[PDB]
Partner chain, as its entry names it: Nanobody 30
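Single chain ahead, written as structure tokens, the form deposited without its partner chain.
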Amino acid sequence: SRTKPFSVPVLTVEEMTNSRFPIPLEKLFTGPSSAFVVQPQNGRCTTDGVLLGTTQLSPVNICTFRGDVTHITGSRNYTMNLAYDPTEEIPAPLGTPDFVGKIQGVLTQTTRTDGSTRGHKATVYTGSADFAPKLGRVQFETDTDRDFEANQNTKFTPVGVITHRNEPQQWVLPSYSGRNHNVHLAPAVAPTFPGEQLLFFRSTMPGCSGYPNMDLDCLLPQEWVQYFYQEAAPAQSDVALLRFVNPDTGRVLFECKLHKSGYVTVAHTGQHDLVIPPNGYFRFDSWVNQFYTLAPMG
């Protein structure tokens, strides 16, 4: 029948949310991606509203954890059983962290019988041998040995991350089942047009210790994921031409390629932080063919 028109939310870069961590977006970055594998499992959705990988709709439940917790005796560590069918054809529980690193946050527990509440500094290492979210359990190191009760509802809320810039590695996927392979992964992403690179929506993660690599790049904003999921407009071409427009003056600053699979590319060469007006937004104009040459932007 008649096609539903395609659209992108009218929002500036600083009004949208990063889809790989529950923080706002900060800038637009571009750089070569051949030296590393870009395969995030969050913020993955096709343009017609089909979620991929471990991507869901709620922007708060990113890198969060929920369940019941058992103390590892002799340590300040605790094991959380996740609340989960391992049979769903997904790489890991929805919202699982899709990068290797040490995430700091708060473990909060509630005791049902009377309403007691508890909170403690927790950390989870996604590259740890005891990080098996696909199997239904993860490990947190806390600051207590007796405070968290058994089989009480416990929530992990993330905050940030803990040789300089050797951690966290954002382009290295965790092993969801352990050390002895991942399944149902979203495809890796690379620009298949000469002179084109990926355009990353970049945020700065909060740091809690040391000298961490606080850059976090996502292919699609969370608001874009929610919008694509809602509208479910079919892709009439393989790539959709988006133009960055100034709403006051109407001047176009640059144009980009929005691929139907769910990533953006620009015509540039080299690492570059895009300088844009604070009120600029992305506007959809047309569906372009496979031979479309983007006008390059400095």
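Residue numbers count along the first chain shown, from 1.
Missing here is the form solved in complex with its partner chain; even so, the following discussion is about that form.
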### Message
Would you classify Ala83 as touching its partner chain in the deposited bound form, given a 4.5 Å non-hydrogen atom cut-off?
### Response
yes
### Query
Within a 4.5 Å heavy atom cut-off, is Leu253 in contact with its partner chain in the deposited bound form?
yes
### Task
Decide whether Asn151 counts as a contact residue for its partner chain in the deposited bound form under a heavy atom distance cut-off of 4.5 Å.
yes
### Message
Under a 4.5 Å heavy atom criterion, is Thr192 part of the interface with its partner chain in the deposited bound form?
### Response
no
### Message
Going through 213-232, which residues have a heavy atom within 4.5 Å of its partner chain in the deposited bound form? Please give them in sequence order.
### Response
none
